[PDB]
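Asks: Next one to model:
(chains A, B, C, D, E and F, ligands or ions: 2)
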Amino acid sequence: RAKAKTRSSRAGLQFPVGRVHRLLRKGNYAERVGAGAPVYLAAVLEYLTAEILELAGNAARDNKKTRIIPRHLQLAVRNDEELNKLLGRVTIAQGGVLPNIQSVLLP
Amino acid sequence: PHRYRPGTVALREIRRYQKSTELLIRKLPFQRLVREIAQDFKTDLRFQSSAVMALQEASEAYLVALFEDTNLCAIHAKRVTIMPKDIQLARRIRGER
Amino acid sequence: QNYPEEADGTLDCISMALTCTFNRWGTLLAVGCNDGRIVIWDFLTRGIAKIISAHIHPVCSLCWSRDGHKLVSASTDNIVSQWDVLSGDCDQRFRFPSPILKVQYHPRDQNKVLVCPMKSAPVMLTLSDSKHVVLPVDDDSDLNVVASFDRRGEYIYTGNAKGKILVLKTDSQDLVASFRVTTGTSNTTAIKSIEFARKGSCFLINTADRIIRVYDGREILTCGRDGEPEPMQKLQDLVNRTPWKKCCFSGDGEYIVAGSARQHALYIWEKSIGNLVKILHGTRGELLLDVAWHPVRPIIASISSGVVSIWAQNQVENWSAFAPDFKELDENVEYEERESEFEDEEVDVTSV
Amino acid sequence: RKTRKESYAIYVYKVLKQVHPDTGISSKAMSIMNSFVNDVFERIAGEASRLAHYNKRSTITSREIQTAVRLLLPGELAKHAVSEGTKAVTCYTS
Amino acid sequence: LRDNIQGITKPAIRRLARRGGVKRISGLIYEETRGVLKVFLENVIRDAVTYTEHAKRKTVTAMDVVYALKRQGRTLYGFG
Amino acid sequence: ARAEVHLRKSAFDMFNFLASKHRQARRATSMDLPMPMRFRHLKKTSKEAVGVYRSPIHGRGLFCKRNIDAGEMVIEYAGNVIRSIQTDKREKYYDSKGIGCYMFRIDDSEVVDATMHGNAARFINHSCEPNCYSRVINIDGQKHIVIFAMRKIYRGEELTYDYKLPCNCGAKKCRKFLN
Ligand SMILES: Nc1ncnc2c1ncn2[C@@H]1O[C@H](CSCC[C@H](N)C(=O)O)[C@@H](O)[C@H]1O
Ligand SMILES: [Zn+2]
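Replies: Numbering: from 1, shown residues only, chains lettered A, B, ... in the order given. Ligands and ions are numbered 1, 2, ... in the order given. Below is the structure:
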């Protein structure tokens, strides 16, 4: 009967907590799902999303652009060391490669 | 007086060690190595015996497969002697470094 | 600056440290050891100042006096001695029941010491002679009571193993204010330790349901006897659930540190907002013993397996202390300097 | 009238307008970000389920999620993800 | 402790190389192999100790080693 | 020792940086990326790339601590963005003060001052067979001065370039007149 406050606002997040809790309940992982588990997991997913969009926006600024296309995601992931170890066996579509010519091939 | 031409004892040791199934590392030095490089993760751990035996099995199998691929790299370079850049080529094509 | 961040060395000089405390100005550190030795360091010079052999059995309690010239301890041998920092001689010694928890001077007078025995009642003593006043306990059933003076020295807060806090007047034993802590729904919880700030009226209660409650020292005086106050701030950990071991306040009473009894970490909160601000990890498999805080400067002294660590801000330097006429910039700065391009004060020098 | 499709477009757009206030995003990059969020969710959820099965429990708590993050992310990235999750749970309780 | 990477001696690397099928070996293979083995063992020991800490124990059992190796992508039959 | 009053009591120097010790791809500045992708990572790398020590050649010099590769960025020369007539007042002023000239011009309009304000790109000596050079690049409308490299440079080797009077360079292709 009070005013409804969503669980994302109560924790200070941007990703939803109710949707993550539903997808854990309806996903055949365990029988019972605790209270703090979707809050922890939505915090982790928001951190990784912000960490990749920072570098992608920086590359998009350096190419004299406004929007972000898959080339900037490719450069952002492949230049960082730990994002490259996380996304190691992953193909990003319309991404291309990094410039790399071996030393013994140029005169 | 009697000496074998160099290569003969190498070939028959290849046959002798590919025929048997045993552990090829001494196990008290390996146990000390495991406890030492586990000491930097949690102080005063307490291993079982089958845990150290499982680690020794896995490590021996890894090194034998790495030496087979290293030997193929060295034969590809038209040599016989194995050099460490062959190890580097094998571990970089495989996807480890 | 503010609350510390970096690990910054250690003091691996004398083994088997057990407890620690600072004086009012934070220039000394007294630490009892495993064989009756009290080693005092310095933070002005970062060196050992004085080592005094106390006893043969270990020391589990220490307290500085107000002037800083007298120590007091409570070893396993039921020995409470008013020591000296100059001579280093035991003066007073008389036996108690065999476990003793805590000793504490009066915060204005070096005559009154408040000894808390384990299986007894609080006993307020004098040092001009051998008087002792056994303070009253309400329940008289469990005999597990912790107590301490407040900041100024006007009252003594007492707590039992049933969650009933009492307020006794410091000299006439006036049971004037009391409350029972609202723990969950119906069950009551124990009281582990009571600590007080250095500036203001706030204090903290370390209960046994692993929740730390931050009260206000004036709401109790407002509510009077058998009132029901509620805490200003409730601080806990719910991931690891973290049963706590030791807590104290910051320099001006702004931040709270709380060491853990399971994992060797240190958690720091704000008092005003109330959010977690930093966790300070360390050696993974040790065990925590004591937590200190330097009263005017951000230094924490954590004892764990005889090793005292000091988290001290990681001073990194620059130029322009050598060449004051130069400004080491980072990127280009454009300007022109000027819009026109070309007494008898006698001050005491020996005033302290 | 069509059947609804749940996604993560609006939330990624919120995070982007926090971190770069004058930057947009195209359609294909939003599809790549949606696939990335689903992938990382399924890895961490599967590992936490397997831990709860190994220790003979019936409950996924936040401690299993913490151990799965610690097993699955490399180094300093795990060191910061643990901090973000603990801070959000602490702000949620009070 | 500073030794025990020296305890992996230099007839032992020779015997592993001959089970691998190698006829003639250089003299830098020894230090290169010691580095390879130390990196592999660190990556396995770290995950085994993580499983042990989550189970709230103090001993590393054989199943924690098996689960660590199974995460690496290297299954091991005979110890479960 | 308290009595032998001797000479060598004054040197008239701004920096007492001459010390007793004087202990003289993957990275983004070495990749083939466009220019603002390299310029952003430049200032984070240059703190650990090089340093200043006691040069045997002339006073002080720039000495690396890590293997600079071929054709990459090393450091930016950045100070006061002054105009090319305050340079004349400062040349006469530090002619009266005895302090040398630190004046790179970006183009034929404005000059960068490195006397009162700047970074560690002052302490780079002159030579005749160098291993570094310079360009002027464009990062968001503004212009900058980047010291590149010419070949792979080993840990300890001094960095020099052509500035464009007898010099202590001593190289075989010397000119002995630096104007
Ligand atoms: N290789 C060289 N030999 C002789 N003089 C040099 C030189 N390189 C630079 N100089 C002179 O030194 C000035 C550069 S500043 C020299 C380094 C630093 N100021 C120091 O001595 O501690 C310039 O005016 C130039 O005339
Ligand atoms: Zn010259």
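Asks: Pull the contacting residues for residue 48.
Replies: In the absence of a named chain, this looks at chain A. Residues near residue A:48 by C-beta atoms under 8 Å, 6 or more residues apart in numbering or on different chains: D:40, D:77, D:81. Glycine gets a C-beta too; all of them are placed from N, C-alpha and C.
Asks: should've been chain D
Replies: A:29, D:60, D:64, D:65, D:67, D:68.
Asks: tell me which element it falls in.
Replies: Using DSSP states H and E, residue D:48 sits within helix D:27-54.
Asks: Does the following helix or strand past that helix reach chain C?
Replies: Using DSSP H and E, the helix or strand that follows helix D:27-54 in sequence is strand D:59-60. No - applying C-beta under 8 Å from any C-beta of the partner chain, one finds strand D:59-60 separated from chain C by no less than 13.3 Å.
Asks: any idea which of the contacts of residue D:48 has the most stuff around it?
Replies: Using other C-beta atoms under 10 Å in any protein chain shown as the neighbour criterion, residue D:65 leads the contacts of residue D:48 with 28 neighbours.
Asks: That residue and residue F:52, how far apart?
Replies: Using C-beta to C-beta, to the nearest Å, we find residue D:65 at a distance of 50 Å from residue F:52.
Asks: What of residue C:55?
Replies: Computed as C-beta to C-beta, the residue C:55 to residue F:52 distance reads 57 Å.
Asks: hey, where'd the strands end up in chain F?
Replies: Per DSSP state E, chain F carries strands over the ranges F:50-54, F:60-64, F:75-76, F:80-83, F:103-105, F:110-113, F:117-118, F:125-126, F:134-139, F:142-147, F:158-161.
Asks: typed the wrong thing, it's chain B
Replies: Counting by DSSP E, the strands of chain B are B:46-47, B:81-82.
Asks: Between those, which one is closest to chain D.
Replies: Closest approach to chain D among those is made by strand B:46-47 (19.2 Å; C-beta to the nearest C-beta).
Asks: Partner strands of that closest one and their direction?
Replies: Paired strands of strand B:46-47, with direction, are strand E:59-60 (parallel) (DSSP bridges).
Asks: Check which element follows the partner strand along the chain.
Replies: Next helix or strand after strand E:59-60 toward the C-terminus (DSSP H and E): helix E:62-72.
Asks: Show me the contact partners of that next one.
Replies: Against helix E:62-72 from outside (C-beta under 8 Å, 6+ apart): B:48, B:50-51, B:53-55, B:58, D:54, D:71, E:43-44, E:47-48, E:51-52, E:55, E:75-76, E:79-80.
Asks: can you tell me which of the residues you listed are in helices?
Replies: Among those, the members found in helices (DSSP state H) are B:50-51, B:53-55, B:58, D:54, D:71, E:43-44, E:47-48, E:51-52.
Asks: just curious, which of the residues you listed is nearest to chain C?
Replies: Using C-beta to the nearest C-beta, these come closest to chain C at residue E:52, 11.3 Å.
Asks: on that earlier part again, so which of the contacts of residue A:48 wins on neighbours?
Replies: The most crowded member of the contacts of residue A:48, judged by other C-beta under 10 Å, is residue D:81 (23 neighbours).
Asks: you'd agree it is in a helix?
Replies: Yes - membership of residue D:81 in a helix is supported by DSSP: H, G, I helix; E, B strand; the rest coil.
Asks: Please report phi then psi for the residue lying closest to it once chain neighbours are set aside.
Replies: Counting by C-beta to C-beta, 6 or more residues apart in numbering or on different chains, residue D:81 lies nearest to residue A:44, which is 5.0 Å off, once chain neighbours are set aside. As for residue A:44, its main-chain torsions (degrees, to the nearest 10) stand at phi -70, psi -40.
Asks: For chain E, see how far away residue A:44 is.
Replies: 17 Å (C-beta to the nearest C-beta, to the nearest Å).
Asks: count of residues packed around that residue?
Replies: Applying other C-beta under 10 Å, we find 26 residues neighbouring residue A:44.
Asks: Also residue E:51?
Replies: Here the number of neighbours of residue E:51 (other C-beta under 10 Å) works out to 23.
Asks: List the contacts of residue 59.
Replies: You didn't pick a chain, so chain A it is. Counting by C-beta under 8 Å, 6+ apart, residue A:59 touches A:72, A:75, A:76, F:37.
Asks: Can you look at chain E instead?
Replies: Residue E:59 touches B:45, B:46, B:47, B:48, E:52, counting by C-beta under 8 Å, 6+ apart.
Asks: okay if I get these as JSON lines plus neighbour count?
Replies: Shown next, in JSON lines, are those (neighbours: other C-beta atoms under 10 Å in any protein chain shown):
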{"residue": "B:45", "neighbour count": "19"}
{"residue": "B:46", "neighbour count": "10"}
{"residue": "B:47", "neighbour count": "18"}
{"residue": "B:48", "neighbour count": "14"}
{"residue": "E:52", "neighbour count": "22"}
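Asks: tell me which of these is nearest to ligand 2?
Replies: For those, the closest approach to ligand 2 (C-beta to the ion) belongs to residue B:45, at 64.7 Å.
Asks: Can you verify my assumption that that closest one contacts residue E:60?
Replies: Yes - at 6.1 Å, residue B:45 counts as touching residue E:60 under the criterion of C-beta atoms under 8 Å.
Asks: Return every residue with contacts to both of those two.
Replies: By C-beta under 8 Å, 6+ apart, the residues touching both residue B:45 and residue E:60 are B:38, E:49, E:52.
Asks: just these now: which is nearest residue C:270?
Replies: residue E:49 (34.0 Å; C-beta to C-beta).
Asks: My read is that the closest one contacts residue B:40, right?
Replies: No - counting by C-beta under 8 Å, residue B:40 is not a contact partner of residue E:49; they are 10.0 Å apart.
Asks: Count the neighbours of residue B:40 for me.
Replies: Neighbours of residue B:40 using other C-beta under 10 Å come to 12.
Asks: scratch that, residue D:56 is what I was asking about
Replies: Residue D:56: 6 neighbours (other C-beta under 10 Å).
Asks: Now do it against residue A:30, distance only.
Replies: 12 Å.
Asks: Ok, residue B:40 next?
Replies: Residue B:40 is 34 Å from residue A:30, where distance means C-beta to C-beta.
Asks: Next: residue C:7.
Replies: 38 Å.
Asks: which of these two has more neighbours?
Replies: residue A:30 (21 against 14).
Asks: The more buried one: what secondary structure?
Replies: Residue A:30 ends up coil, using three-state DSSP.
Asks: Could you report the neighbour count for residue 20?
Replies: I went with chain A, as the question did not name one. Neighbours of residue A:20 under the rule other C-beta under 10 Å: 22.
Asks: wrong chain, I was asking about chain E
Replies: Residue E:20, neighbours per other C-beta under 10 Å, totals 20.
Asks: same question, residue C:165
Replies: Counted with other C-beta under 10 Å, residue C:165 comes out at 19.
Asks: and if you look at the one 3 residues further on?
Replies: Applying the criterion other C-beta under 10 Å, we find 21 residues in the vicinity of residue C:168.
Asks: next one: residue C:11
Replies: For residue C:11, using other C-beta under 10 Å, the count is 19.
Asks: May I have the phi/psi pair for the closest residue to it other than its chain neighbours?
Replies: If the residues on either side of it in the chain are set aside, residue C:11 comes closest to residue C:308, at 4.7 Å by C-beta to C-beta, 6+ apart. With angles defined as degrees, to the nearest 10, residue C:308 sits at phi -100, psi 120.
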